[PDB]
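Participant: Protein chains in written order, with the entry's author numbering: chain h, 81 to 157; chain H, 52 to 102. Take a look at the following structure, please.
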């Protein structure tokens with residue numbers, strides 16, 4: 081993918097044009113590279129969303145609402 | 052689930068709707084309580100014994 085993109089960039093230096101097959105190969109390689117670096121951020125909750133009584137917020141977990149941030153032990157924001 | 056390297060839990064809301072009839076039955080009993088009663092027989096002194 082890197083080689084094909086670099087060739088596409090430097091083709092104009094020597095006054096050439098890219099044939100459609102080269103473009104298709106470069107597109108396929110770029111798609112293959114972009115596949116390997118997906119993110120999918122997977123959005124979190126709101127922050128004031130209630131936590132139901134089914135989670136036993138009285139004894140199991142002290143908080144009764146969704147945090148909205150990473151809990152820690154000593155950094156404590 | 053992990054949910055981007057955490058352990059956020061599913062919301063679990065509870066709306067109790069099955070205790071209404073149970074409370075109604077309990078109130079029905081507590082409004083009219085029952086106990087043990089002794090009935091007399093066909094003798095000369097069964098009434099005093101039952102009392």
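Just so you know, even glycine gets a beta-carbon here, dropped at the ideal spot from N, CA and C.
I want to know whether the segment 135-149 of chain h touches the segment 79-98 of chain H - three or more CB-CB distances under 8 Å.
Facilitator: no
Participant: Between the segment 118-132 of chain h and chain H, which residues of the former have a C-beta closer than 8 Å to a C-beta of the latter?
Facilitator: 121, 122, 124, 125, 129, 130, 131, 132
Participant: So residue 99/H contacts chain h; which residues on that side make the cut at Cβ distance below 8 Å?
Facilitator: Here the premise fails: no neighbours, minimum Cβ distance about 59 Å.
Participant: Report the residues of the segment 60-80 of chain H with a CB closer than 9 Å to any CB of chain h, ordered along the chain.
Facilitator: 60, 61, 62, 63, 64, 65
Participant: Judging by CA-CA distance, which residue of 145/h, 127/h, 115/h is the nearest neighbour of residue 81/h?
Facilitator: 115/h
Participant: Can you tell me whether residue 87/H is buried or exposed? The criterion is at least 16 other CB atoms within 10 Å of its CB, across all chains shown.
Facilitator: exposed
Participant: Restricting to Cα atoms, I'd like to know which of 135/h, 136/h, 84/h, 90/h is closest to residue 108/h.
Facilitator: Nearest of 135/h, 136/h, 84/h, 90/h to residue 108/h, Cα basis: 84/h.
Participant: Whether or not the segment 62-78 of chain H and the segment 119-134 of chain h are in contact is what I'm after, with contact meaning three or more pairs of Cβ atoms, one per stretch, closer than 8 Å; do they touch?
Facilitator: yes
Participant: From residue 58/H to residue 52/H, what distance separates their C-alpha atoms?
Facilitator: 6 Å
Participant: Taking 9 Å as the CB-CB cut-off, is residue 155/h touching chain H?
Facilitator: no
Participant: When DSSP builds the beta bridges, which residues end up paired with residue 145/h?
Facilitator: 130/h
Participant: At the level of alpha carbons, what is the spacing between residue 122/h and residue 86/h?
Facilitator: 33 Å
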